[PDB]
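Asker: The following block contains the structure, expressed as structure tokens.
Heads up, the Cβs are rebuilt from the backbone with ideal geometry, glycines too, and the neighbour counts pull from every protein chain shown. None of the figures in this text is laboratory data; all of them are computed from the coordinates on show.
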Amino acid sequence: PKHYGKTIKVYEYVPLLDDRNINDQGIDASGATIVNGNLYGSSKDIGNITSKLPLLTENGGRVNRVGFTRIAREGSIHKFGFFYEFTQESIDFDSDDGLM
Amino acid sequence: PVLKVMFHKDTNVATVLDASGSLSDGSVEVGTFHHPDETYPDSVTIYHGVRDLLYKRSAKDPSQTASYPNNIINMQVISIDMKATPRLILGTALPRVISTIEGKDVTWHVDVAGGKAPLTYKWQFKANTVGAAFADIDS
């Protein structure tokens, strides 16, 4: 549209289990704050996944908290053009009447 | 193991430490608890232990004790910082019974996670005879 500059932006929402999901909402299964809030992210390692499984006891509590993330994309437009010039004689006296 | 808990009044950060651990950041000692629990090892955890310890300390001054409603009970603003040794967990338990025949080779394997590395393994054998106790398998 008009009056919005030359750029368009859009959001992309990252999945929960993704390495791009970098956030500070993480609380592990024992209730301790952890550096990552995406559980095991994109990991496919069995050992890594096991140590980060959201296990839950019969007493519940503040355990296994997660966070989320999103990304923004953008692009812009540009301007182009060219021209050429001629005289009246270059049209009238030329052999080819279809020159233009 | 016994886990010592330190609390920082200004940052609402509860630090869990080994029994011999210590801090020098102004945090005060609020108590200690057994992890895993001796009577309910798999029904509670460090969060419940810290909550129980904090319930009996004053919100005005964590060094002093207090009763409800003048105690620390709002866990939503409490950050639990884990610095004690990770709990020792038996990842791959052995098969309760193995059946075979004479002349066959038998293999036992165990996977253990947590604890303070390095881990050490010691196997023992107990014969089926009456009154036989566990004896170390000579390495």
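Asker: In the stretch A:36-57, how many are surrounded by 15 or more Cβ atoms within 10 Å (Cβ to Cβ) and more than 20 Å from B:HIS35 (Cβ to Cβ)?
Answerer: So the count comes out to 6.
Asker: Do we find that B:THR39 is loosely packed, with under 11 Cβ neighbours inside 10 Å, within 12 Å of chain A (Cβ to nearest Cβ) and hydroxyl-bearing (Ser, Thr, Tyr) in this structure? Before the answer, list the steps.
Answerer: Numbers: loosely packed, with under 11 Cβ neighbours inside 10 Å: yes; within 12 Å of chain A (Cβ to nearest Cβ): no; hydroxyl-bearing (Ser, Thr, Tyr): yes.
Here the answer is no, as B:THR39 does not meet what is asked.
Asker: For the stretch A:63-87, give me each residue that is part of a loop (DSSP other than H, G, I, E, B), of a type in the set (A, V, I, L, M, F, W, C) and touching a residue at least 40 places away in the same chain (Cβ under 8 Å).
Answerer: A:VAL66, A:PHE68, A:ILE77
Asker: With the requirement that a residue be touching a helix residue (DSSP H, G or I) at 6+ places or on another chain (Cβ under 8 Å) and either surrounded by 10 or more Cβ atoms within 10 Å (Cβ to Cβ) or closer than 30 Å to B:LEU88 by Cβ (or both), what does the stretch A:58-100 give you?
Answerer: A:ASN59, A:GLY61, A:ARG62, A:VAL63
Asker: Taking A:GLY60, is it outside any strand (DSSP E or B) and small (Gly, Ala, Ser)? Step through it out loud before you land on a result.
Answerer: Details: outside any strand (DSSP E or B): yes; small (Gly, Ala, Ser): yes.
The answer is yes for A:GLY60.
Asker: Go through the stretch B:68-126 and count every residue that is within 14 Å of chain A (Cβ to nearest Cβ) and of a type in the set (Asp, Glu).
Answerer: Selection size over the stretch B:68-126: 2.
Asker: Is it true that A:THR33 is β-branched (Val, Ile, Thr), surrounded by 13 or more Cβ atoms within 10 Å (Cβ to Cβ) and closer than 21 Å to B:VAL77 by Cα? Please lay out each step first, then the result.
Answerer: Working: β-branched (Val, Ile, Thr): yes; surrounded by 13 or more Cβ atoms within 10 Å (Cβ to Cβ): yes; closer than 21 Å to B:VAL77 by Cα: yes.
Spelling it out, A:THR33 is indeed β-branched (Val, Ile, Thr), surrounded by 13 or more Cβ atoms within 10 Å (Cβ to Cβ) and closer than 21 Å to B:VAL77 by Cα.
Asker: Could you check how many residues of the stretch A:40-57 are within 21 Å of B:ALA84 (Cα to Cα) and among the aliphatic types (A, V, I, L, M)?
Answerer: Matching residues across the stretch A:40-57 total 3.
Asker: Can you run down the residue pairs with Cβ atoms below 7 Å, 6 or more apart or on separate chains, where the first is in the stretch A:29-55 and within 8 Å of chain B (Cβ to nearest Cβ) and farther than 14 Å from B:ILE89 by Cα and the partner is assigned to a strand (DSSP E or B) and of a type outside the set (A, V, I, L, M)?
Answerer: Between residues of the stretch A:29-55 that are within 8 Å of chain B (Cβ to nearest Cβ) and farther than 14 Å from B:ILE89 by Cα and residues that are assigned to a strand (DSSP E or B) and of a type outside the set (A, V, I, L, M), the close pairs are A:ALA32/B:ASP81; A:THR33/B:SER79; A:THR33/B:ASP81.
Asker: Another question, then. Would you mind finding the one in B:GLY26, B:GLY21 that is more than 14 Å from chain A (Cβ to nearest Cβ) and closer than 19 Å to A:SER30 by Cβ?
Answerer: Within the list B:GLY26, B:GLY21, the selection yields B:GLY21.
Asker: Let me ask something else about it. Filter the stretch A:7-54 for residues that are assigned to a strand (DSSP E or B) and of a type in the set (D, E, K, R) and give the result.
Answerer: Let us first name the residues in the stretch A:7-54 that are assigned to a strand (DSSP E or B), namely A:7-13, A:27, A:33.
The answer is A:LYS9, A:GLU12.
Asker: Now, a different point. Please indicate, with yes or no, whether at least one residue in the stretch B:46-55 is within 17 Å of A:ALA29 (Cβ to Cβ), part of a loop (DSSP other than H, G, I, E, B) and among the aromatic types (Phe, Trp, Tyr). Please lay out each step first, then the result.
Answerer: Applying the first criterion (within 17 Å of A:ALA29 (Cβ to Cβ)) to the stretch B:46-55 yields B:46-51.
Next, from what is left, pick out any that are part of a loop (DSSP other than H, G, I, E, B): none.
No, because not a single residue in the stretch B:46-55 is within 17 Å of A:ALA29 (Cβ to Cβ), part of a loop (DSSP other than H, G, I, E, B) and among the aromatic types (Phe, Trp, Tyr).
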